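Read the structure below first, then the notes.
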Amino acid sequence: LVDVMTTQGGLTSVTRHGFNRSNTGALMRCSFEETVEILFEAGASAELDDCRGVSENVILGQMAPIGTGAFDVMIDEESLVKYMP
Amino acid sequence: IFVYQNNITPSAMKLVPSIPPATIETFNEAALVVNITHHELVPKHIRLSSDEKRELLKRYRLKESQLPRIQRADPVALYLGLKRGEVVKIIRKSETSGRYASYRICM
Amino acid sequence: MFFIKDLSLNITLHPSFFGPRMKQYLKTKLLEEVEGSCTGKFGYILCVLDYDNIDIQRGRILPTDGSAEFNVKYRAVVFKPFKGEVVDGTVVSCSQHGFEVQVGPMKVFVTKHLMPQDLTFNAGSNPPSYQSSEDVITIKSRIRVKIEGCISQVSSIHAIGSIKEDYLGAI
Amino acid sequence: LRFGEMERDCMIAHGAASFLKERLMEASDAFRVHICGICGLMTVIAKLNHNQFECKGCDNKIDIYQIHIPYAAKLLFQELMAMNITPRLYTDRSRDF
Amino acid sequence: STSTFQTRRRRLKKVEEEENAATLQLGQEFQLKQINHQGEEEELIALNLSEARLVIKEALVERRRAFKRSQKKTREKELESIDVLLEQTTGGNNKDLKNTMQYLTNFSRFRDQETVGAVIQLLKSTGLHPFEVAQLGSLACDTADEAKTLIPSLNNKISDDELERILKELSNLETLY
Amino acid sequence: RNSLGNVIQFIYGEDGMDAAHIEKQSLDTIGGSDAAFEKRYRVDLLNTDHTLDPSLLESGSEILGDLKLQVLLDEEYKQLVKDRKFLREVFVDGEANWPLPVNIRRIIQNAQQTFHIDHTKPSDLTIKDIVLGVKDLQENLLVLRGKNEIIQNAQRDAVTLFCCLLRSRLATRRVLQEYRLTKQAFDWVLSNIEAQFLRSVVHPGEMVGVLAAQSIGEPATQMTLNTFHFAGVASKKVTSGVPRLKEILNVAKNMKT
Amino acid sequence: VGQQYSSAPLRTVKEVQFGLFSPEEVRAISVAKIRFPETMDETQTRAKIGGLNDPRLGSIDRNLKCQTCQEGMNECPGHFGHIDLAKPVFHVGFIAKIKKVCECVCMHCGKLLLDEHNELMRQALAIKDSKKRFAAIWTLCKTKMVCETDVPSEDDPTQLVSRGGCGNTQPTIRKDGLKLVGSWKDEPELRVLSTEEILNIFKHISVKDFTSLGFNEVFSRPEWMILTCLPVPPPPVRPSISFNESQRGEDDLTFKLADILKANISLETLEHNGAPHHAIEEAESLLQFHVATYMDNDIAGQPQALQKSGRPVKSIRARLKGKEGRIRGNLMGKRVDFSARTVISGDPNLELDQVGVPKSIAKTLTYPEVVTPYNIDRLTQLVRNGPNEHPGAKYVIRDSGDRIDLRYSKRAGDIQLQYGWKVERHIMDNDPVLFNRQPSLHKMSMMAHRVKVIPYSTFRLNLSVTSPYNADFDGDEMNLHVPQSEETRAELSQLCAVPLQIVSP
Amino acid sequence: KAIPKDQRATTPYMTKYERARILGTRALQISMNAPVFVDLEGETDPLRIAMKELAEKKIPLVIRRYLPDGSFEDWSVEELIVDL
Ligand SMILES: [Mg+2]
Ligand SMILES: [Zn+2]
Ligand SMILES: [Zn+2]
Ligand SMILES: [Zn+2]
């Protein structure tokens, strides 16, 4: 928590007036106290969203990079062959 | 390094950034009276050669901006006179693990 | 004018075909959804080369169903005509409005008005034809057209051409 | 039953990536839509029979995609377009990072 | 669809699709500078009839072989020999490939992978752009005027005389029937 | 990191350990007089009164004197020492009890009655065995992995505070006179620790952000409100409780106290 | 989801490119000319006029029709129609910036007010962050109030260099209601800034000038904060509510638009008839009002734009505004299917990880299983067992994507299952579930459990798992969500399982 | 960006989140009527089967671990050490 507040430069508060203004994409901040306002000044300045933040995904109903989603899975056809007697 | 007493003329200060490369700094007396860096809480920082950095990044897959930052005007940032870009290696004491490296770029 | 462009594609596969010879089914499904396709973007996908070295890479499992998905990079021979290209082919159909010649997998039509003057149209003929002081163009004769325009359409690419210019016509 | 923020934060805490995607899509909103690969909007005219697709304006037919997002999201995005704001939805990243 | 090795970052305003012609201006997908799967640069691949015929055949043939490695556990004369190859490795509803093979097998100009070789080795010393090296390789031509008219992208790109020495040695290599 | 890429700890908790695997173990090295500390971890093979009484080690009497071992036997000491100092420079309070992965108090208690060790007969450990092993142990409590320096350096760090407990416990004088371990037992104790540790690490996925968050608000919620136990002694009034916490997170200028 | 396959390829969203609607696109996208303000009654005839809501847009009456697009009602996102405004307007939310921008540029020639020349400037033009490189450039121009013609270069302050002309004094500006007013000075000159003008200026702002200010040459030019063509959201956005037939109840939004439309017409008709010059701007404000009060209705300019009966009105914005609304109320938290809730009690006979579900629920909640040789036998068994005997099921589904209501469907008892089919079955002993008590602020407030179907209507849990939920049996209601995939139930089994939670981080 | 089998850096172990998804992912596939590379000693539950498919490390999958900067490291379930 503390580390989060600091880093940036000095003391970034845990409130609409602070952390929720950061370099974080829209929708994510969109999801806290300033909603419509936020969006407006988003499409205003041509924002672009990574869609990397939980909220970003929960809003697009996609699987968010989180534990279970902190990685992709695959089928190694080459190891799929050696697996047959 | 110039050490004024009560203050400098706003007509004066606006002459420092007029002779590059050379750089100039400004400290008040009442300021230097005590070396903050000796304070129980403040832990030692350190400048990093434009290589030890081009490394730190490489070895952390870091984009300049993703690095924790320090204020140009940060007390210790001044005490070591950093520049927009130089990185400092804050090495503190930790109750989790005795030591704990950390870094800070300079904005 | 025929081309060899390097292309890729995505194939969703069911956990079902996740056998020991999966690679097989893929290359297969590839050729099913590839050879014989059309795109004003790529033209006629005719044949896939180097069947042996088709790159499947690793495929990734989806998240709600176990279907996998690979991006199969391949290479095939193509063909997509251009408004200025001079090709010759065999005639096929013919009418009061002009004949239609076939060059490669595509059919290039030719308006009675887009061909020479001294070339009238004869109907009381059989098969139907267009006669000239010395030329005669019917079904099987071979012509050389000058594609004057292209038109992309669903799964094909027709065109309008001419034989009015010089060095064009029957051979 | 309401699966609210709190029960959300809790899953994220657990790491249950998908049991979440579920509660949110496959278990509630979920809806399919056709985006234009050009003007990232809910434009595209999908006549799901003759395959015909189109997006006159960004005048398409070719570059088209289909996606899975809760209905709310479809809604929202429209509501915003309702307020002269255009939330483009893209399927490939160009910024990298 | 079937992506084409180059992701041109389309920024909303998609309006510039220039015309196509014999101004050697072919779609984006066909500039002389296109990218190979490996990730390198490679000149466009322009095939001339007969040169294509062979290429397709080649593949169709060698496909057959590999199509059985896993099963263990004269003009009118080629029309037939081919139809079989197809009724062997093709999907059957590839009416397009068929018609192509006839055209390709009827209008071609070279049977031997050798004569076709000389053709290439010959033309690829003109520095002409692939689409010319192609048309020039699959279109009968006597006068330069005949060539330079059907293929206007030439005109200035080569003295009349030389193009004529090129057309003189094309008729000679022009395999018989 | 967070949704951007910005770091916020180059190691979760500055130690890469998962909260689940931690307890209040004591740092024997810190507390205590310079007097007892010696009477405990000090082993001098060159001295009738400061050598391991053969009734402990098997090769006890054939040691009293070896000068090649008093090189190690000492390298150890100068370390538990360098340690003592390190710690007192960190835990100034003097506080010795801290949250640390791998409970080693127990790991041994098990090693004890799992081999039915008897406090009568002598061990069988080479003094080379102990020291040279406990040294290899730390070589494997890897928390970070990198193939380069920068990282392999950060490793030694995220590990530090631990080893000190380790060495504090696996002291040549300790290992034998306190808990009669045998080559076997010992070699076991070392095995588990290398693991119990490796398991104690944190799993690259764990949404800590949210976890962290939850864990402060949970108790935050139970905090009493506007109490002031000082009231009844005005002028010695200070802001404490939720209104205070508010004050913080808010980064308020005009604080009450 | 949404039923019916589509050639279309299936992808995920990677980026979200927020921009602003250029009037040109608004029309482009639009399918409805949207001329009339009325809803339907083709003179009472039930249908819809080629006027408002469906002059092609989506539909109602359970009728495919949606510009052939058919698919009808469910499976068809409305389409946007447009509605050409007679005279440009402000964008309620953007008034803020539209102003500030002016303050940052003088009219007439419309250009920045501080080039590379003024030094304090440079230091701004470098800050990469369109968000501050702006509130900076502004802090430096709200003061300059004269479009300087010449300023001393990098040499002698004696030699003057020229840039862009016309020094026509710049006016200071103040926000009155929804219009912008500025003064010129010697005894001011107060005149209202006509939108028609502001727009112009903006239109004339340079490319590099856009950018320099927090903008974008492609997705959001400032000239687009001023509405010229109004995008009209289709039905699914402002759905009606029918009380069978002859009884229609439309949505607020549909009404505003109406008023906006009404207002619009009455305005146009005033510039093609007896135009009493300055008696018009008396209804141009009405447009602006509606066109503004439509998106937002909670402003400082008091008039709440009430709707007969004292009802406030529901501004589009009003819908997204946190808690109980679009963003925080429908997306971050949804109500969900396959959920249950009842009073709980203690069972000193269950295992820790178990949760005694009462039968009643088991028989109502269904886990869609996939017909497979491993199960066919046991599966069909349930199917037969019907949806009333416990160990049973209540729906079977074929590859053809169609439901089989096992409680009806003549062929109930019939049916021969198939490899690849699914059988929404009853929850049976040992299915992994997501038990939980509110409020949730602990990982341990939602732990997976081994189901254990039991009699009586109360969820049963083990005492020793009381505190993690922090619940008592004084009539404490708890919830329960049932997994749905095989991978899903795995995330509950291998991660959120009560025993996995015994040690708190 | 791609990382060679060498220069490998990540954990040699399997994140519970990794296993659990695999396990889940597999079972899902199994029940999707997918080939099962092990002798079902009489198992009828796709999970249970997957769990076996795993304790014999005969699961054709490769976890691609992505790194903040975009590059990834691919790890097979054959390799990944399953302690837990
Ligand atoms: Mg209570
Ligand atoms: Zn479009
Ligand atoms: Zn429709
Ligand atoms: Zn001006």
Reported set for region G:240-293 where residues are basic (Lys, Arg) and either in a helix (DSSP H, G or I) or closer than 20 Å to G:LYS179 by Cβ (or both) is G:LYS256, G:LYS262
When you scan region G:46-66, do you find a residue that is more than 16 Å from ligand 1 (Cβ to nearest atom), exposed (fewer than 15 other Cβ atoms within 10 Å of the Cβ) and of a type in the set (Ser, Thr, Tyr), even just one? no
Does G:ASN53 meet the test of being away from ligand 4 (no atom under 16 Å from the Cβ), assigned to a loop (DSSP other than H, G, I, E, B) and touching a helix residue (DSSP H, G or I) at 6+ places or on another chain (Cβ under 7 Å)? yes
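Do any helices (runs of 4 or more DSSP H) lying entirely in chain A carry at least 3 residues that are closer than 28 Å to D:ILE67 by Cβ, and which ones are they? Steps first, please.
Details: elements: A:2-6, A:26-30, A:35-43, A:54-58, A:77-81.
The qualifying helices (runs of 4 or more DSSP H) are A:26-30, A:35-43, A:54-58.
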Which residue pairs have Cβ atoms closer than 9 Å, lie 6 or more positions apart in sequence or on different chains, and pair a first residue in region D:36-48 that is closer than 26 Å to G:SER220 by Cβ with a second residue that is outside any loop (DSSP other than H, G, I, E, B) and within 7 Å of ligand 2 (Cβ to nearest atom)? D:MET42/D:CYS36; D:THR43/D:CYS36; D:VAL44/D:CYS36
Please go through region B:69-107 and pick out each residue that is aromatic (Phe, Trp, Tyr) and in contact with a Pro (Cβ under 7 Å, 6 or more places away or on another chain). B:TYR103
Criterion (under 30 Å from H:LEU84 (Cβ atoms) and part of a helix (DSSP H, G or I)) met by exactly one of F:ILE193, F:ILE248: F:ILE193
Yes/no for D:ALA27 being aliphatic (A, V, I, L, M), in contact with a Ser or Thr (Cβ under 8 Å, 6 or more places away or on another chain) and more than 16 Å from ligand 4 (Cβ to nearest atom): no
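If you check G:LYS334, G:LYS314, G:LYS359, which single one turns out to be more than 27 Å from G:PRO468 (Cα to Cα) and among the basic types (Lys, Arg)?
Values: G:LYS334 fails: more than 27 Å from G:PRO468 (Cα to Cα); G:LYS359 fails: more than 27 Å from G:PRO468 (Cα to Cα).
When all the criteria are applied, what remains is G:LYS314.
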Take region H:55-83 and flag every residue that is more than 7 Å from every other protein chain (Cβ to nearest Cβ) and under 27 Å from A:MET84 (Cα atoms). H:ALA55, H:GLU56, H:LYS57, H:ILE59, H:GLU73, H:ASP74, H:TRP75, H:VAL77, H:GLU79, H:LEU80, H:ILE81, H:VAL82
Per the filter on region E:61-88, residues in a loop (DSSP other than H, G, I, E, B) and more than 9 Å from every other protein chain (Cβ to nearest Cβ) are E:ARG69, E:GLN71, E:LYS72, E:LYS73, E:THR74, E:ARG75
Going residue by residue through region G:389-402, is there one that turns out to be of a type outside the set (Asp, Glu) and within 14 Å of chain D (Cβ to nearest Cβ)? yes
Taking G:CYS102 as the residue in question, decide whether it is buried (at least 18 other Cβ atoms within 10 Å of the Cβ), under 30 Å from D:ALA30 (Cβ atoms), among the hydrophobic types (A, V, I, L, M, F, W, C) and away from ligand 1 (no atom under 16 Å from the Cβ). no
Say we look at region G:143-173 and pick out the residues that are in contact with a helix residue (DSSP H, G or I) (Cβ under 9 Å, 6 or more places away or on another chain) and outside any loop (DSSP other than H, G, I, E, B); which of these is farthest from ligand 3 (Cβ to nearest atom)? G:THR172
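If a residue counts only when it is under 30 Å from A:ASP72 (Cα atoms), which strands (runs of 3 or more DSSP E) contained entirely in region C:65-159 have at least 3 such residues?
Working: elements: C:68-71, C:74-79, C:86-95, C:98-103, C:106-111, C:119-122, C:129-132, C:142-146, C:149-153.
Answer list for region C:65-159: C:68-71.
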If E:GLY92 meets every condition in (1) outside any loop (DSSP other than H, G, I, E, B); (2) more than 8 Å from every other protein chain (Cβ to nearest Cβ) apart from one, which number is that one? (1)
When you scan region G:85-128, how many residues do you find that are within 30 Å of G:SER315 (Cα to Cα), part of a loop (DSSP other than H, G, I, E, B) and either within 16 Å of ligand 2 (Cβ to nearest atom) or away from chain A (no Cβ under 14 Å) (or both)? 0
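Could you check, for region G:399-418, whether at least one of its residues is more than 16 Å from ligand 4 (Cβ to nearest atom), of a type in the set (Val, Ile, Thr) and more than 25 Å from H:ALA50 (Cβ to Cβ)?
So the first thing to find is which residues in region G:399-418 are more than 16 Å from ligand 4 (Cβ to nearest atom), and the list is G:399-418.
Next cut, of a type in the set (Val, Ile, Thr) only: G:404, G:415.
Going one step further and asking which of them are more than 25 Å from H:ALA50 (Cβ to Cβ), we end up with G:404, G:415.
Yes, region G:399-418 contains a residue that is more than 16 Å from ligand 4 (Cβ to nearest atom), of a type in the set (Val, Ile, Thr) and more than 25 Å from H:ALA50 (Cβ to Cβ).
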Residues in region D:75-84: is at least one more than 14 Å from chain A (Cβ to nearest Cβ), within 16 Å of ligand 3 (Cβ to nearest atom) and surrounded by fewer than 23 Cβ atoms within 10 Å (Cβ to Cβ)? no
The conditions are (1) farther than 30 Å from B:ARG72 by Cα; (2) away from chain D (no Cβ under 12 Å); (3) touching a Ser or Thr at 6+ places or on another chain (Cβ under 9 Å), and A:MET28 fails exactly one of them. Which is it? (1)
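Has region F:193-214 got any residue that is over 21 Å from H:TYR17 (Cα atoms), over 15 Å from the mean Cα position of the chain (by Cα) and not charged (D, E, K, R)?
First pass over region F:193-214, keeping only residues over 21 Å from H:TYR17 (Cα atoms): F:193-194.
Retained after the next criterion (residues that are over 15 Å from the mean Cα position of the chain (by Cα)): none.
Scanning region F:193-214 turns up no residue that is over 21 Å from H:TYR17 (Cα atoms), over 15 Å from the mean Cα position of the chain (by Cα) and not charged (D, E, K, R).
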Which condition does G:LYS410 not pass, out of (1) out of contact with any strand residue (DSSP E or B) (no Cβ under 6 Å at 6 or more places or on another chain); (2) within 14 Å of chain D (Cβ to nearest Cβ), if it passes all the others? (2)
Going residue by residue through region G:379-388, is there one that turns out to be basic (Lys, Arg) and either within 21 Å of G:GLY413 (Cα to Cα) or assigned to a helix (DSSP H, G or I) (or both)? yes
Selected residue [of a type outside the set (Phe, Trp, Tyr), within 30 Å of A:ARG21 (Cβ to Cβ) and away from ligand 1 (no atom under 16 Å from the Cβ)] from G:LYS144, G:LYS111: G:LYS144
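State yes or no: is D:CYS58 within 26 Å of G:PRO239 (Cβ to Cβ) and more than 7 Å from chain G (Cβ to nearest Cβ)?
no
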Out of the residues in region A:38-53 meeting the condition of being surrounded by fewer than 23 Cβ atoms within 10 Å (Cβ to Cβ) and closer than 24 Å to C:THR64 by Cα, tell me which one is farthest from the chain's Cα centre (by Cα). A:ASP50
Residue list for region D:1-46, filter: under 23 Å from D:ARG93 (Cα atoms), within 9 Å of chain A (Cβ to nearest Cβ) and basic (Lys, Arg): D:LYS21
Scan E:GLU58, E:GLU19 and give me the residue that is out of contact with any helix residue (DSSP H, G or I) (no Cβ under 7 Å at 6 or more places or on another chain) and in a helix (DSSP H, G or I). E:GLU58
I'd like to verify a number: residues in region F:10-32 that are of a type outside the set (D, E, K, R), more than 10 Å from chain G (Cβ to nearest Cβ) and surrounded by fewer than 18 Cβ atoms within 10 Å (Cβ to Cβ), how many? 3
Write out, first by first residue and then by second, each pair whose Cβ atoms fall under 6 Å of each other, whose residues are 6+ apart or on separate chains, and whose first residue, in region G:156-173, is more than 14 Å from every other protein chain (Cβ to nearest Cβ) while the second is aromatic (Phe, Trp, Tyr) and more than 10 Å from ligand 4 (Cβ to nearest atom). G:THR169/G:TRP184; G:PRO171/G:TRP184
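Quick note: the coordinates plus some simple rules give every number you see, no bench work behind them. Positions of Cβ are generated from backbone atoms using ideal geometry, with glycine treated the same way; all protein chains shown enter the neighbour counts.
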